[PDB]
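[1] sequence, then structure. It's an experimental one.
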Amino acid sequence: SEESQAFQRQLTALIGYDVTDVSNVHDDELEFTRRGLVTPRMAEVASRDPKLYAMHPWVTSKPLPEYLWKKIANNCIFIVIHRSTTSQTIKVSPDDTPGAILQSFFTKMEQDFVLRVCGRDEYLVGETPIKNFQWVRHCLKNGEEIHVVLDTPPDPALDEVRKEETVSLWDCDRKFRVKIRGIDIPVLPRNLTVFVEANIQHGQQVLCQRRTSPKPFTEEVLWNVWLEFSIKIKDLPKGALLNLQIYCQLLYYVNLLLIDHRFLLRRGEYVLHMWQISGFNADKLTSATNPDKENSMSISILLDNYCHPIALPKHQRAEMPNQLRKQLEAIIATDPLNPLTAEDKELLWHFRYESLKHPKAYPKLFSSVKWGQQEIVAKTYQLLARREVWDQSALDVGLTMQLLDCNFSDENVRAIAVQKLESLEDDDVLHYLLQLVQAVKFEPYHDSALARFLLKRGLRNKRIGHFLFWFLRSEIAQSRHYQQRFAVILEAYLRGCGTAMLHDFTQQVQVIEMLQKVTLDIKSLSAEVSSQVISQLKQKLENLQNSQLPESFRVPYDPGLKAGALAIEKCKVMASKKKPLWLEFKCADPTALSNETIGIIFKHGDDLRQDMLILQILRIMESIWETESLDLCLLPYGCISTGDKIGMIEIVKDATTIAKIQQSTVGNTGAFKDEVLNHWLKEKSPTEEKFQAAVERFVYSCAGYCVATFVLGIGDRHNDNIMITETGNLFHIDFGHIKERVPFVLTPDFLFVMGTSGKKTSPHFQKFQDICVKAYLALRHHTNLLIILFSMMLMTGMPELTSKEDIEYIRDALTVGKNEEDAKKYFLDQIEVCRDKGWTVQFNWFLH
Ligand SMILES: COc1ccc(-c2cccc(S(=O)(=O)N3CCN(c4nccnc4-c4ccc(OC)cc4)CC3)c2)cc1
């Protein structure tokens, strides 16, 4: 039809990639995944409650934090309910249902009304106590009033979805072989000899290696040689990768899955365009080929074809000594970055039913399996069929994440990690979502349980689905390595989210494309900002607003908010290397009880996915702290990669950098004075109440950021990259932008404000040291979780292209090993290194 061809053409523009494109493909896998995902998508669309889908309430089952409780004086919460123009402040209990709060409204003077948060497409509905709604919790934390507009449900017809579209391998004792025909590149000019190393890999584990003779590095090098491996064909596991690498030293690589998605041994002829190494990475593991056929290195190979095909079948007492049990338990209580030795692995494997009794043992036990041995692998599966302990176990997200990393390539190992994730409520899925999307890079096949968990969760909740879109779209628009997989996963989502989200995504995508042009132009007018730039900006925004540009769009980093018209007078270009656009918008919603403006920074030039990852991890730290009743007042500002080297960032209101506070100079030229931050703080606070409230928030936020940045290894920052709000909330910005050194930014200007300038102690600095220690020890209760996120982040987001060594930073900084008091002391040390010390690093940067 056309019809369907129009839709597909719609889809393509949203995704920013053509899933029907069959040009950079050498098999069926992608098309096969497209059709495979029809079922899971249709089962979730059909099974969806349409009423709750449309109103997407955002709730949690977590207790309301202690902190939080102390903001509810007499078991009471006030809710102001608007209707045209009148508004009454009902009195409510924290366990009252929105059902109960509507009866308590009509009786306190046609059932079809919901409470809608004023100024936002956010609903307080369903069978949840009002205190357990995240908006309600947001309000309680920030000391704001809870304003709701009594109105009519959203019509679920707007979310309507358009009706849609052998010889056994274990009988083969032959050793496996690949013919290397040759390599061909259109131009050399690196400025030698070369060989091809051929690896049989299973999830980063090298099973097997054969290599070619060196030959001179011409534009074309023929070999043309059989490389016979030590490994039999019957022992090739599912997920086995043929990895082909070109040396002198590593210059190019490419991969070919040896067992395909239909369980068939790969046969025949391939010409494969390779990826280049650029002067330890999820990129190294991709099954995708370079689409750039004009410029890339190519390798030509032949797989030992047999006119008969080869599948891959689908698998159908005693007691431990006391001291070996203790040997084992010591292994199991060791952290994720701790190397297993050959001995440890053998102990793990020999005593593998004992090991199964401990869910924490599983990464290390599955890391002790010989995946290059058909019979051992078979015994691993017999083991995983015996899973009562794993299934009864309390979800541990840290443990589960670990089974979904680069070390686990077996479908069946990974499927029990996803099994566990099913029990996460939507609030927790949102916390981990970007890390779960990224973990899709460690999957061998396009269609995986993980991909289907993400799809399912995205289709079941519009807030999840919103972030799944942008997170997937971000990767598609800058990862050639994975854009084909992620595009197929994104199209799948897109075919089940409903007509209204499709409409919304289009406008957002449209707004974003318009603003890209508008900032490309301004970057190039402005050399390394003049009248005739804020001429041509205010000009271009006008000639768009006003054009062309949508009447409203949803804010991608905060989908409950809708932006309307530009505030053209408030829009500047920031005085910065990359000329970011500071934009401000009118809020589309009339029921918005303020006049405040929606601020959005748009920047070309930098890859914003690193920031995303760090910001997401800090939010995890806050939920970790929340479990121990600590609020460190972070501001993990919104920030979304929207396409290639572009994206938007939340303007935090009433906020300046610390540099600007100092640069009302001060006599440059140079450095720096201790009061000023405090005077600015007094200058911005009216009452002595608010001032001291501000000094307090400062003590918490400073502590949060000192801990959070130290653990992540990104605390040695210059103060043009540290901001503070008028109410005292300190925050770091711009994690892109990742001797003498410093573990964090605690400069004399922060110390004054705490009242310990020049150099002694004070009540506030005493609180600071105490809060830092509690915070630090709380994160350490979750050492494993943090070690896995950090190591995943580096591998999926941090070029570099990183080395077991960069990853080990965090265990050092988390002082793995140590006890509560040696760790308390370590961090109290770090607080002292900053004090010594003072302004040198800030001054030093001046030095240029
Ligand atoms: C207003 O609240 C903010 C929220 C987030 C951010 C932000 C977060 C991450 C990155 C960016 S950026 O790349 O657009 N940024 C880079 C650093 N940057 C500066 N560099 C040197 C000196 N000053 C700045 C700067 C100026 C103003 C400012 O906000 C008022 C923030 C930083 C400005 C623009 C900005 C800035 C302000």
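    Now that the structure is in, tell me what you want to look at. Numbering: from 1, shown residues only.
[2] how does this structure divide into domains?
    1-165, 171-306, 307-498, 499-653, 654-843 (curated CATH domains).
[3] most remote residue from this protein's center?
    In terms of distance from the mean C-alpha position of the chain, residue 109 ranks first, at 47.8 Å (Cα atoms, centre = their mean).
[4] so that one is in which element?
    Residue 109 is part of no helix or strand when elements are defined by DSSP states H and E.
[5] then residue 471?
    Counting by DSSP H and E, the element that carries residue 471 is helix 462-476.
[6] show residues contacting the helix or strand that that helix is followed by.
    With elements assigned by DSSP H and E, the helix or strand that comes after helix 462-476 is helix 483-494. By Cβ atoms under 8 Å, 6 or more residues apart in numbering, the list of residues contacting helix 483-494 from outside reads 11, 14-15, 17, 19, 24-25, 30, 33-34, 37, 41, 288, 440, 446, 451, 454-455, 458-459, 465, 468-469, 472-473, 475-477, 479, 502, 505. For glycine as for every other residue, the C-beta is placed from the backbone atoms N, C-alpha and C.
[7] show me which residues of the protein sit near the ligand.
    Where the chain comes near the ligand, counting by Cβ under 6 Å from any ligand atom, the residues are 574, 576, 580, 601, 603, 637, 649-652, 655-657, 659, 720, 733-734.
[8] what number of residues lie near residue 398?
    Residue neighbour count, defined by other Cβ atoms under 10 Å, stands at 17 for residue 398.
[9] quick check: the gap between residue 221 and residue 198.
    Distance, residue 221 to residue 198, using Cβ to Cβ, to the nearest Å: 15 Å.
[10] could you do residue 382 as well?
    32 Å.
[11] more neighbours: which of these two?
    Summary of the neighbour comparison: residue 382 and residue 198, criterion other Cβ under 10 Å, with residue 198 having more neighbours (21 against 9).
[12] where does that one land in three-state SS?
    Taken by DSSP: H, G, I helix; E, B strand; the rest coil, the conformation at residue 198 corresponds to strand.
[13] pick out the residue in the stretch 401-550 of the chain sitting closest to the ligand.
    Among residues of the stretch 401-550 of the chain, the one nearest the ligand by Cβ to the nearest ligand atom turns out to be residue 519. It sits 11.0 Å away.
[14] where's the residue of the stretch 251-400 of the chain found nearest the ligand, which helix or strand?
    Ranking the residues of the stretch 251-400 of the chain by distance to the ligand (Cβ to the nearest ligand atom) places residue 278 first, at 23.3 Å. Following DSSP H and E, there is no helix or strand that holds residue 278.
[15] same question for residue 413.
    helix 411-421.
[16] which strands or helices does whatever helix or strand comes next after that helix pack on?
    Following helix 411-421 in sequence order, the next helix or strand is helix 426-438 (DSSP H and E). Counting contacts by 3 or more Cβ pairs under 8 Å, 6 or more residues apart in numbering; DSSP states H and E, the secondary-structure elements packed against helix 426-438 are helix 397-403, helix 449-460, helix 462-476, helix 609-627, helix 783-797.
[17] that's a helix at residue 520, yeah?
    Yes. With three-state DSSP as the criterion, residue 520 is assigned to a helix.
[18] tell me the contacts of residue 800?
    With contact set as Cβ under 8 Å, 6+ apart, residue 800 has these partners: 280, 794, 806.
[19] quick one, which of the helices and strands packed on helix 426-438 gets closest to residue 250.
    Residue 250 sits nearest to helix 783-797 of all the helices and strands packed on helix 426-438, at 16.9 Å, using Cβ to Cβ.
[20] between the closest one and helix 426-438, how many degrees?
    Using axes from the mean of the first three to the mean of the last three Cα atoms, to 10 degrees, the inter-axis angle of helix 783-797 relative to helix 426-438 is 40 degrees.
[21] ok and helix 783-797 relative to helix 462-476, angle-wise?
    In this structure, helix 783-797 runs at an angle of 50 degrees to helix 462-476, with the same axes, to 10 degrees as the basis.
[22] please pick the buried ones from the residues of the chain next to the ligand.
    Buried positions within those, assessed by neighbour count (16 or more other Cβ atoms under 10 Å), are 580, 601, 603, 637, 649-652, 655, 657, 720, 733-734.
[23] got a list of what residue 324 touches?
    Residue 324 makes contacts with 347, 351, as judged by Cβ under 8 Å, 6+ apart.
[24] in the helix or strand hosting it, which residues are buried?
    In the assignment (DSSP H and E), residue 324 maps to helix 322-332. Of the residues in helix 322-332, those buried under the neighbour-count criterion (16+ other Cβ under 10 Å) are 327, 328, 331, 332.
[25] with stretch 718-734 instead?
    In terms of neighbour count (16+ other Cβ under 10 Å), stretch 718-734 has its buried residues at 719-734.
[26] do stretch 579-591 as well
    Using 16+ other Cβ under 10 Å as the test for burial, stretch 579-591 gives 579, 580, 581, 582, 583, 584, 585, 586, 587, 588, 589.
[27] what is the nearest of those residues to residue 168?
    When those are ranked by distance to residue 168 (Cβ to Cβ), residue 580 comes first, at 60.1 Å.
[28] tally of neighbours for the residue in the stretch 101-250 of the chain positioned nearest to the ligand?
    At 16.6 Å from the ligand, residue 142 is the closest residue in the stretch 101-250 of the chain, using Cβ to the nearest ligand atom. Residue 142: 9 surrounding residues under other Cβ under 10 Å.
[29] start to end distance for stretch 472-487?
    Stretch 472-487 has an end-to-end distance of 7 Å (criterion: Cα to Cα, to the nearest Å).
[30] gap between the spatially most central residue of the chain and residue 594?
    Nearest residue to the geometric centre of the chain (Cα atoms, centre = their mean): residue 434, 2.8 Å. From residue 434 across to residue 594, the span is 30 Å (Cβ to Cβ).
[31] can you check residue 826 too?
    Counting by Cβ to Cβ, the gap between residue 826 and residue 594 amounts to 45 Å.
[32] more neighbours, the two?
    residue 826 (13 against 9).
[33] pretty sure that one sits against residue 820.
    No. With contact defined as Cβ atoms under 8 Å, residue 826 and residue 820 do not form a contacting pair (10.9 Å).
[34] list the contacts for residue 114?
    Each residue near residue 114 by Cβ under 8 Å, 6+ apart is listed here: 55, 98, 123, 124, 125, 151, 152, 153.
[35] among these, which ones are buried?
    Neighbour counting with 16+ other Cβ under 10 Å marks 55, 98, 123, 124, 125 as buried within the contacts of residue 114.
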